[PDB]
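Source file: entry-v4.txt. Holds: compact mmCIF, N, CA and C atoms.
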```txt
# COMPACT_ATOMS: atom_id res chain seq x y z
N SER A 585 0.83 -1.23 0.00
CA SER A 585 0.00 0.00 0.00
C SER A 585 0.86 1.27 0.00
N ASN A 586 2.18 1.11 0.02
CA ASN A 586 3.01 2.32 0.08
C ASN A 586 4.00 2.49 -1.06
N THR A 587 3.82 1.71 -2.13
CA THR A 587 4.68 1.85 -3.29
C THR A 587 4.33 3.21 -3.96
N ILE A 588 5.20 3.66 -4.89
CA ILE A 588 4.80 4.78 -5.78
C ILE A 588 3.40 4.59 -6.34
N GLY A 589 3.15 3.40 -6.91
CA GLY A 589 1.88 3.19 -7.57
C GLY A 589 0.69 3.29 -6.65
N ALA A 590 0.82 2.74 -5.43
CA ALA A 590 -0.30 2.84 -4.46
C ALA A 590 -0.53 4.26 -4.01
N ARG A 591 0.54 4.98 -3.80
CA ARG A 591 0.39 6.34 -3.29
C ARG A 591 -0.16 7.24 -4.39
N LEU A 592 0.23 6.95 -5.63
CA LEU A 592 -0.29 7.63 -6.80
C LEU A 592 -1.80 7.46 -6.89
N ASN A 593 -2.30 6.26 -6.62
CA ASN A 593 -3.76 6.06 -6.63
C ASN A 593 -4.45 7.02 -5.71
N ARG A 594 -3.89 7.15 -4.52
CA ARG A 594 -4.54 8.01 -3.54
C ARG A 594 -4.45 9.47 -3.94
N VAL A 595 -3.29 9.90 -4.41
CA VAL A 595 -3.22 11.32 -4.78
C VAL A 595 -4.13 11.63 -6.00
N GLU A 596 -4.26 10.67 -6.93
CA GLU A 596 -5.20 10.84 -8.08
C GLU A 596 -6.63 11.05 -7.59
N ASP A 597 -7.03 10.25 -6.63
CA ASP A 597 -8.40 10.43 -6.09
C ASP A 597 -8.58 11.77 -5.40
N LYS A 598 -7.60 12.19 -4.63
CA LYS A 598 -7.71 13.47 -3.93
C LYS A 598 -7.77 14.62 -4.96
N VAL A 599 -6.92 14.54 -5.99
CA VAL A 599 -6.96 15.56 -7.07
C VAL A 599 -8.34 15.64 -7.74
N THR A 600 -8.92 14.48 -8.04
CA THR A 600 -10.28 14.49 -8.59
C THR A 600 -11.26 15.22 -7.69
N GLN A 601 -11.13 15.01 -6.38
CA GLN A 601 -12.02 15.63 -5.37
C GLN A 601 -11.82 17.15 -5.29
N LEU A 602 -10.56 17.55 -5.32
CA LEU A 602 -10.19 18.98 -5.33
C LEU A 602 -10.67 19.66 -6.59
N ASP A 603 -10.60 18.97 -7.72
CA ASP A 603 -11.10 19.55 -8.97
C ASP A 603 -12.59 19.82 -8.82
N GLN A 604 -13.30 18.89 -8.21
CA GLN A 604 -14.74 19.16 -8.00
C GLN A 604 -14.98 20.33 -7.06
N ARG A 605 -14.17 20.48 -6.02
CA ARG A 605 -14.44 21.58 -5.07
C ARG A 605 -14.21 22.88 -5.84
N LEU A 606 -13.12 22.90 -6.61
CA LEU A 606 -12.76 24.12 -7.31
C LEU A 606 -13.87 24.51 -8.28
N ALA A 607 -14.57 23.54 -8.85
CA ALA A 607 -15.72 23.87 -9.71
C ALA A 607 -16.82 24.64 -9.01
N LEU A 608 -16.86 24.54 -7.70
CA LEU A 608 -17.89 25.26 -6.98
C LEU A 608 -17.45 26.68 -6.74
N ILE A 609 -16.15 26.91 -6.96
CA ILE A 609 -15.50 28.21 -6.66
C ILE A 609 -15.33 29.09 -7.89
N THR A 610 -14.90 28.49 -9.01
CA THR A 610 -14.67 29.22 -10.24
C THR A 610 -14.63 28.35 -11.49
N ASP A 611 -14.72 29.00 -12.66
CA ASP A 611 -14.54 28.39 -13.99
C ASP A 611 -13.08 28.00 -14.35
N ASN B 586 -3.72 3.92 -17.44
CA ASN B 586 -2.44 4.26 -18.14
C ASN B 586 -1.23 3.84 -17.31
N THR B 587 -0.02 4.13 -17.76
CA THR B 587 1.13 3.60 -17.03
C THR B 587 1.40 4.57 -15.87
N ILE B 588 2.14 4.10 -14.87
CA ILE B 588 2.52 4.97 -13.75
C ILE B 588 3.26 6.25 -14.18
N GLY B 589 4.19 6.12 -15.12
CA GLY B 589 4.87 7.31 -15.67
C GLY B 589 3.89 8.30 -16.27
N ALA B 590 2.96 7.81 -17.07
CA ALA B 590 2.01 8.73 -17.71
C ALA B 590 1.12 9.39 -16.64
N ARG B 591 0.72 8.62 -15.66
CA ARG B 591 -0.22 9.09 -14.63
C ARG B 591 0.48 10.09 -13.72
N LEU B 592 1.78 9.90 -13.50
CA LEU B 592 2.51 10.87 -12.64
C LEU B 592 2.55 12.22 -13.36
N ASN B 593 2.92 12.24 -14.64
CA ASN B 593 2.87 13.51 -15.43
C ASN B 593 1.48 14.09 -15.37
N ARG B 594 0.49 13.23 -15.51
CA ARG B 594 -0.88 13.75 -15.52
C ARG B 594 -1.23 14.49 -14.26
N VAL B 595 -0.96 13.88 -13.12
CA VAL B 595 -1.35 14.51 -11.87
C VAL B 595 -0.53 15.77 -11.58
N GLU B 596 0.75 15.75 -11.92
CA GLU B 596 1.60 16.91 -11.70
C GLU B 596 1.00 18.08 -12.45
N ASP B 597 0.61 17.89 -13.72
CA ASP B 597 0.10 19.01 -14.50
C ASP B 597 -1.31 19.39 -14.04
N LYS B 598 -2.07 18.41 -13.58
CA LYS B 598 -3.44 18.77 -13.09
C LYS B 598 -3.37 19.63 -11.84
N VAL B 599 -2.46 19.29 -10.95
CA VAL B 599 -2.25 20.06 -9.72
C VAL B 599 -1.84 21.47 -10.10
N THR B 600 -0.98 21.61 -11.11
CA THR B 600 -0.62 22.98 -11.55
C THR B 600 -1.84 23.74 -12.04
N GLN B 601 -2.65 23.08 -12.86
CA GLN B 601 -3.91 23.68 -13.35
C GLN B 601 -4.83 24.14 -12.22
N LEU B 602 -4.98 23.28 -11.21
CA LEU B 602 -5.82 23.61 -10.07
C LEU B 602 -5.28 24.86 -9.39
N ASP B 603 -3.96 24.92 -9.26
CA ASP B 603 -3.34 26.06 -8.57
C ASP B 603 -3.53 27.35 -9.36
N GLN B 604 -3.41 27.26 -10.67
CA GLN B 604 -3.62 28.44 -11.55
C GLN B 604 -5.06 28.89 -11.46
N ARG B 605 -6.02 27.95 -11.44
CA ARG B 605 -7.45 28.36 -11.39
C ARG B 605 -7.80 29.02 -10.07
N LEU B 606 -7.27 28.49 -8.97
CA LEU B 606 -7.57 29.06 -7.67
C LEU B 606 -6.90 30.43 -7.62
N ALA B 607 -5.66 30.51 -8.11
CA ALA B 607 -4.92 31.81 -8.09
C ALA B 607 -5.59 32.98 -8.80
N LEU B 608 -6.36 32.68 -9.84
CA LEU B 608 -7.00 33.72 -10.61
C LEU B 608 -8.01 34.37 -9.67
N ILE B 609 -8.56 33.58 -8.74
CA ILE B 609 -9.55 34.16 -7.80
C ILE B 609 -8.91 34.74 -6.55
N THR B 610 -7.92 34.04 -5.99
CA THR B 610 -7.40 34.46 -4.68
C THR B 610 -5.96 34.12 -4.43
N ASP B 611 -5.26 35.12 -3.89
CA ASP B 611 -3.99 34.97 -3.16
C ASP B 611 -2.80 35.89 -3.49
N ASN C 586 13.67 15.39 -11.20
CA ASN C 586 14.18 14.55 -10.08
C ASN C 586 13.70 13.10 -10.21
N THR C 587 13.86 12.34 -9.15
CA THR C 587 13.53 10.93 -9.17
C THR C 587 12.02 10.80 -9.10
N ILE C 588 11.53 9.61 -9.40
CA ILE C 588 10.08 9.40 -9.30
C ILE C 588 9.57 9.58 -7.88
N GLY C 589 10.35 9.12 -6.90
CA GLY C 589 9.94 9.31 -5.49
C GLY C 589 9.87 10.75 -5.11
N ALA C 590 10.88 11.52 -5.51
CA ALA C 590 10.85 12.96 -5.18
C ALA C 590 9.66 13.65 -5.83
N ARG C 591 9.36 13.28 -7.08
CA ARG C 591 8.25 13.92 -7.80
C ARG C 591 6.97 13.61 -7.10
N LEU C 592 6.85 12.38 -6.64
CA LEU C 592 5.57 12.01 -5.95
C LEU C 592 5.46 12.76 -4.62
N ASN C 593 6.56 12.82 -3.84
CA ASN C 593 6.56 13.58 -2.58
C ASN C 593 6.11 15.01 -2.87
N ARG C 594 6.64 15.61 -3.94
CA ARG C 594 6.34 17.03 -4.24
C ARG C 594 4.88 17.18 -4.57
N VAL C 595 4.36 16.28 -5.42
CA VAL C 595 2.94 16.42 -5.78
C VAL C 595 2.04 16.22 -4.60
N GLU C 596 2.33 15.20 -3.78
CA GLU C 596 1.59 15.04 -2.51
C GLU C 596 1.60 16.35 -1.69
N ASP C 597 2.78 16.95 -1.60
CA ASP C 597 2.93 18.19 -0.80
C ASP C 597 2.01 19.28 -1.33
N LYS C 598 1.96 19.40 -2.66
CA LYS C 598 1.21 20.47 -3.33
C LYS C 598 -0.27 20.21 -3.12
N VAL C 599 -0.65 18.95 -3.17
CA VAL C 599 -2.07 18.58 -2.97
C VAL C 599 -2.57 18.88 -1.56
N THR C 600 -1.75 18.56 -0.57
CA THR C 600 -2.06 18.90 0.85
C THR C 600 -2.30 20.40 0.94
N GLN C 601 -1.38 21.17 0.39
CA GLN C 601 -1.54 22.64 0.48
C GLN C 601 -2.84 23.14 -0.19
N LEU C 602 -3.18 22.57 -1.34
CA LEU C 602 -4.42 23.00 -2.05
C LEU C 602 -5.63 22.56 -1.27
N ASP C 603 -5.55 21.34 -0.73
CA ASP C 603 -6.66 20.77 0.04
C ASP C 603 -7.01 21.72 1.18
N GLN C 604 -5.97 22.16 1.91
CA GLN C 604 -6.21 23.01 3.11
C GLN C 604 -6.82 24.34 2.69
N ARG C 605 -6.35 24.88 1.57
CA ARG C 605 -6.87 26.19 1.12
C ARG C 605 -8.31 26.05 0.69
N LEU C 606 -8.61 24.98 -0.03
CA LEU C 606 -9.96 24.84 -0.57
C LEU C 606 -10.92 24.53 0.55
N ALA C 607 -10.45 23.81 1.58
CA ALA C 607 -11.30 23.44 2.72
C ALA C 607 -11.79 24.65 3.50
N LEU C 608 -11.05 25.75 3.40
CA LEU C 608 -11.52 26.98 4.08
C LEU C 608 -12.70 27.62 3.33
N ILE C 609 -12.78 27.33 2.02
CA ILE C 609 -13.75 27.95 1.08
C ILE C 609 -15.04 27.12 0.99
N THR C 610 -14.92 25.80 0.78
CA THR C 610 -16.10 24.96 0.70
C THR C 610 -15.82 23.58 1.27
N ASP C 611 -16.85 22.95 1.82
CA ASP C 611 -16.73 21.53 2.12
C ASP C 611 -16.65 20.73 0.80
```

Turn this file's structure into structure tokens for me.
Amino acid sequence: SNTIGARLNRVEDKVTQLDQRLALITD
Amino acid sequence: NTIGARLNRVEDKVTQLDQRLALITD
Amino acid sequence: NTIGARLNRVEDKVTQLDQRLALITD
């Protein structure tokens, strides 16, 4: 669960979530 | 996609997010 | 830099964006 690839999965999901929050803030 | 491709992808997306937030605040 | 360093950096940038955005919206 701590390889580059595993940690990449988690950061990808968080980025997706942040992109959605930012959509509520601006274009 | 491959780990290499996905790492480039996220790095550039994070930059994009930062640029979009910056246009509004900071 | 190395793949590990790049991932550490992107994680770092994401934490920072997360905290800023969390002040603005849930």

Chain B onto chain C, all Cα, least squares, as a tab-separated table (two decimals) with N, CA and C atoms, in the coordinates of the input:
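Ended up saving to part.tsv:
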```
chain	number	residue	atom	x	y	z
B	586	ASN	N	13.47	16.21	-11.49
B	586	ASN	CA	13.92	15.53	-10.23
B	586	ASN	C	13.64	14.03	-10.28
B	587	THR	N	13.92	13.30	-9.22
B	587	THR	CA	13.79	11.85	-9.33
B	587	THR	C	12.31	11.53	-9.08
B	588	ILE	N	11.88	10.34	-9.50
B	588	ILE	CA	10.51	9.90	-9.25
B	588	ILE	C	10.11	9.92	-7.76
B	589	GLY	N	11.01	9.46	-6.89
B	589	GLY	CA	10.76	9.54	-5.44
B	589	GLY	C	10.53	10.97	-4.98
B	590	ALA	N	11.37	11.89	-5.43
B	590	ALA	CA	11.22	13.28	-4.98
B	590	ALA	C	9.89	13.85	-5.52
B	591	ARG	N	9.57	13.52	-6.75
B	591	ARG	CA	8.39	14.08	-7.42
B	591	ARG	C	7.13	13.51	-6.81
B	592	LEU	N	7.19	12.25	-6.35
B	592	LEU	CA	5.98	11.66	-5.71
B	592	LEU	C	5.71	12.41	-4.41
B	593	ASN	N	6.73	12.61	-3.57
B	593	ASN	CA	6.55	13.43	-2.33
B	593	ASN	C	6.02	14.79	-2.70
B	594	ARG	N	6.58	15.36	-3.75
B	594	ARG	CA	6.14	16.71	-4.12
B	594	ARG	C	4.67	16.79	-4.41
B	595	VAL	N	4.18	15.89	-5.24
B	595	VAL	CA	2.78	15.96	-5.63
B	595	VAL	C	1.85	15.62	-4.46
B	596	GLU	N	2.24	14.67	-3.63
B	596	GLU	CA	1.42	14.30	-2.48
B	596	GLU	C	1.23	15.53	-1.62
B	597	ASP	N	2.30	16.29	-1.34
B	597	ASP	CA	2.17	17.44	-0.46
B	597	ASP	C	1.45	18.59	-1.17
B	598	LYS	N	1.63	18.68	-2.48
B	598	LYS	CA	0.90	19.78	-3.20
B	598	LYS	C	-0.60	19.55	-3.17
B	599	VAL	N	-1.00	18.31	-3.36
B	599	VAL	CA	-2.42	17.93	-3.32
B	599	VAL	C	-2.96	18.26	-1.94
B	600	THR	N	-2.18	17.99	-0.89
B	600	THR	CA	-2.65	18.36	0.46
B	600	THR	C	-2.85	19.86	0.58
B	601	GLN	N	-1.88	20.62	0.09
B	601	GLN	CA	-1.98	22.10	0.08
B	601	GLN	C	-3.23	22.60	-0.65
B	602	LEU	N	-3.50	22.01	-1.81
B	602	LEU	CA	-4.67	22.39	-2.59
B	602	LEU	C	-5.92	22.14	-1.77
B	603	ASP	N	-5.94	21.00	-1.09
B	603	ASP	CA	-7.13	20.63	-0.31
B	603	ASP	C	-7.33	21.58	0.87
B	604	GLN	N	-6.24	21.95	1.51
B	604	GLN	CA	-6.31	22.91	2.64
B	604	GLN	C	-6.79	24.26	2.15
B	605	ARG	N	-6.31	24.71	0.97
B	605	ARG	CA	-6.73	26.05	0.47
B	605	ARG	C	-8.20	26.07	0.10
B	606	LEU	N	-8.68	24.99	-0.52
B	606	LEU	CA	-10.07	24.95	-0.92
B	606	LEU	C	-10.90	24.87	0.36
B	607	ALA	N	-10.46	24.05	1.31
B	607	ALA	CA	-11.21	23.90	2.59
B	607	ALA	C	-11.44	25.18	3.39
B	608	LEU	N	-10.51	26.12	3.28
B	608	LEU	CA	-10.62	27.35	4.04
B	608	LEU	C	-11.84	28.07	3.49
B	609	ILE	N	-12.13	27.88	2.20
B	609	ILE	CA	-13.31	28.56	1.61
B	609	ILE	C	-14.59	27.74	1.74
B	610	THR	N	-14.50	26.43	1.51
B	610	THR	CA	-15.73	25.64	1.44
B	610	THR	C	-15.59	24.20	1.85
B	611	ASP	N	-16.57	23.77	2.65
B	611	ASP	CA	-16.93	22.36	2.87
B	611	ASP	C	-17.13	21.83	4.30
```

(message) I need the residue nearest residue 588 of chain A from this list: B:610, B:601, B:588, B:595. Use only N, CA and C atoms for the distance.
(response)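 Among B:610, B:601, B:588, B:595, it is B:588 that comes nearest to residue 588 of chain A.
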
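Separating atom CA of residue 611 of chain A from atom CA of residue 606 of chain B is a distance of 9.4 Å.
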
(message) Could you tell me how far atom CA of residue 592 of chain C sits from atom CA of residue 605 of chain C, in Å to one decimal place?
(response) 20.1 Å

Please report as a PDB file with N, CA and C atoms, in the frame of the given file which residues of chain A come no farther than 8 Å from chain B, using all atoms listed in the file.
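Contents of iface21.pdb, as written:
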```
ATOM      1  N   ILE A 588       5.200   3.660  -4.890  1.00  0.00           N
ATOM      2  CA  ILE A 588       4.800   4.780  -5.780  1.00  0.00           C
ATOM      3  C   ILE A 588       3.400   4.590  -6.340  1.00  0.00           C
ATOM      4  N   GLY A 589       3.150   3.400  -6.910  1.00  0.00           N
ATOM      5  CA  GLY A 589       1.880   3.190  -7.570  1.00  0.00           C
ATOM      6  C   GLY A 589       0.690   3.290  -6.650  1.00  0.00           C
ATOM      7  N   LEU A 592       0.230   6.950  -5.630  1.00  0.00           N
ATOM      8  CA  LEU A 592      -0.290   7.630  -6.800  1.00  0.00           C
ATOM      9  C   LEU A 592      -1.800   7.460  -6.890  1.00  0.00           C
ATOM     10  N   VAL A 595      -3.290   9.900  -4.410  1.00  0.00           N
ATOM     11  CA  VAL A 595      -3.220  11.320  -4.780  1.00  0.00           C
ATOM     12  C   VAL A 595      -4.130  11.630  -6.000  1.00  0.00           C
ATOM     13  N   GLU A 596      -4.260  10.670  -6.930  1.00  0.00           N
ATOM     14  CA  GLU A 596      -5.200  10.840  -8.080  1.00  0.00           C
ATOM     15  C   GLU A 596      -6.630  11.050  -7.590  1.00  0.00           C
ATOM     16  N   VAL A 599      -6.920  14.540  -5.990  1.00  0.00           N
ATOM     17  CA  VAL A 599      -6.960  15.560  -7.070  1.00  0.00           C
ATOM     18  C   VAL A 599      -8.340  15.640  -7.740  1.00  0.00           C
ATOM     19  N   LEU A 602     -10.560  17.550  -5.320  1.00  0.00           N
ATOM     20  CA  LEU A 602     -10.190  18.980  -5.330  1.00  0.00           C
ATOM     21  C   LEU A 602     -10.670  19.660  -6.590  1.00  0.00           C
ATOM     22  N   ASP A 603     -10.600  18.970  -7.720  1.00  0.00           N
ATOM     23  CA  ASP A 603     -11.100  19.550  -8.970  1.00  0.00           C
ATOM     24  C   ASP A 603     -12.590  19.820  -8.820  1.00  0.00           C
ATOM     25  N   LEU A 606     -13.120  22.900  -6.610  1.00  0.00           N
ATOM     26  CA  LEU A 606     -12.760  24.120  -7.310  1.00  0.00           C
ATOM     27  C   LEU A 606     -13.870  24.510  -8.280  1.00  0.00           C
ATOM     28  N   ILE A 609     -16.150  26.910  -6.960  1.00  0.00           N
ATOM     29  CA  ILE A 609     -15.500  28.210  -6.660  1.00  0.00           C
ATOM     30  C   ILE A 609     -15.330  29.090  -7.890  1.00  0.00           C
ATOM     31  N   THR A 610     -14.900  28.490  -9.010  1.00  0.00           N
ATOM     32  CA  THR A 610     -14.670  29.220 -10.240  1.00  0.00           C
ATOM     33  C   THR A 610     -14.630  28.350 -11.490  1.00  0.00           C
ATOM     34  N   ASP A 611     -14.720  29.000 -12.660  1.00  0.00           N
ATOM     35  CA  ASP A 611     -14.540  28.390 -13.990  1.00  0.00           C
ATOM     36  C   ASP A 611     -13.080  28.000 -14.350  1.00  0.00           C
TER      37      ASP A 611
END
```

(request) Could you please determine the separation between atom CA of residue 604 of chain A and atom N of residue 585 of chain A in Å, to one decimal place? (result)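 Interatomic distance here is 26.9 Å.
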
(message) Among chain A, which ones does DSSP assign to alpha helix (DSSP H) (computed from the backbone)? Answer as a PyMOL selection string.
(response) chain A and resi 588-609

Saved segment 588-611 of chain B from the preceding structure, N, CA and C atoms, as a JSON list (two decimals), in the first residue's frame:
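Saved the output as part.json:
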```json
[["chain", "number", "residue", "atom", "x", "y", "z"],
["B", 588, "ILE", "N", 2.14, 4.10, -14.87],
["B", 588, "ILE", "CA", 2.52, 4.97, -13.75],
["B", 588, "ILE", "C", 3.26, 6.25, -14.18],
["B", 589, "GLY", "N", 4.19, 6.12, -15.12],
["B", 589, "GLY", "CA", 4.87, 7.31, -15.67],
["B", 589, "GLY", "C", 3.89, 8.30, -16.27],
["B", 590, "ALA", "N", 2.96, 7.81, -17.07],
["B", 590, "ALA", "CA", 2.01, 8.73, -17.71],
["B", 590, "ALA", "C", 1.12, 9.39, -16.64],
["B", 591, "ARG", "N", 0.72, 8.62, -15.66],
["B", 591, "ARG", "CA", -0.22, 9.09, -14.63],
["B", 591, "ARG", "C", 0.48, 10.09, -13.72],
["B", 592, "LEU", "N", 1.78, 9.90, -13.50],
["B", 592, "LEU", "CA", 2.51, 10.87, -12.64],
["B", 592, "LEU", "C", 2.55, 12.22, -13.36],
["B", 593, "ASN", "N", 2.92, 12.24, -14.64],
["B", 593, "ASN", "CA", 2.87, 13.51, -15.43],
["B", 593, "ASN", "C", 1.48, 14.09, -15.37],
["B", 594, "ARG", "N", 0.49, 13.23, -15.51],
["B", 594, "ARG", "CA", -0.88, 13.75, -15.52],
["B", 594, "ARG", "C", -1.23, 14.49, -14.26],
["B", 595, "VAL", "N", -0.96, 13.88, -13.12],
["B", 595, "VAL", "CA", -1.35, 14.51, -11.87],
["B", 595, "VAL", "C", -0.53, 15.77, -11.58],
["B", 596, "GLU", "N", 0.75, 15.75, -11.92],
["B", 596, "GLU", "CA", 1.60, 16.91, -11.70],
["B", 596, "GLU", "C", 1.00, 18.08, -12.45],
["B", 597, "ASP", "N", 0.61, 17.89, -13.72],
["B", 597, "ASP", "CA", 0.10, 19.01, -14.50],
["B", 597, "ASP", "C", -1.31, 19.39, -14.04],
["B", 598, "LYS", "N", -2.07, 18.41, -13.58],
["B", 598, "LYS", "CA", -3.44, 18.77, -13.09],
["B", 598, "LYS", "C", -3.37, 19.63, -11.84],
["B", 599, "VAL", "N", -2.46, 19.29, -10.95],
["B", 599, "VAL", "CA", -2.25, 20.06, -9.72],
["B", 599, "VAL", "C", -1.84, 21.47, -10.10],
["B", 600, "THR", "N", -0.98, 21.61, -11.11],
["B", 600, "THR", "CA", -0.62, 22.98, -11.55],
["B", 600, "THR", "C", -1.84, 23.74, -12.04],
["B", 601, "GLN", "N", -2.65, 23.08, -12.86],
["B", 601, "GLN", "CA", -3.91, 23.68, -13.35],
["B", 601, "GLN", "C", -4.83, 24.14, -12.22],
["B", 602, "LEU", "N", -4.98, 23.28, -11.21],
["B", 602, "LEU", "CA", -5.82, 23.61, -10.07],
["B", 602, "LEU", "C", -5.28, 24.86, -9.39],
["B", 603, "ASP", "N", -3.96, 24.92, -9.26],
["B", 603, "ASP", "CA", -3.34, 26.06, -8.57],
["B", 603, "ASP", "C", -3.53, 27.35, -9.36],
["B", 604, "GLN", "N", -3.41, 27.26, -10.67],
["B", 604, "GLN", "CA", -3.62, 28.44, -11.55],
["B", 604, "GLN", "C", -5.06, 28.89, -11.46],
["B", 605, "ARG", "N", -6.02, 27.95, -11.44],
["B", 605, "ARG", "CA", -7.45, 28.36, -11.39],
["B", 605, "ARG", "C", -7.80, 29.02, -10.07],
["B", 606, "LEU", "N", -7.27, 28.49, -8.97],
["B", 606, "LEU", "CA", -7.57, 29.06, -7.67],
["B", 606, "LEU", "C", -6.90, 30.43, -7.62],
["B", 607, "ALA", "N", -5.66, 30.51, -8.11],
["B", 607, "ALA", "CA", -4.92, 31.81, -8.09],
["B", 607, "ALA", "C", -5.59, 32.98, -8.80],
["B", 608, "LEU", "N", -6.36, 32.68, -9.84],
["B", 608, "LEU", "CA", -7.00, 33.72, -10.61],
["B", 608, "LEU", "C", -8.01, 34.37, -9.67],
["B", 609, "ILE", "N", -8.56, 33.58, -8.74],
["B", 609, "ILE", "CA", -9.55, 34.16, -7.80],
["B", 609, "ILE", "C", -8.91, 34.74, -6.55],
["B", 610, "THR", "N", -7.92, 34.04, -5.99],
["B", 610, "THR", "CA", -7.40, 34.46, -4.68],
["B", 610, "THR", "C", -5.96, 34.12, -4.43],
["B", 611, "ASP", "N", -5.26, 35.12, -3.89],
["B", 611, "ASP", "CA", -3.99, 34.97, -3.16],
["B", 611, "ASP", "C", -2.80, 35.89, -3.49]]
```
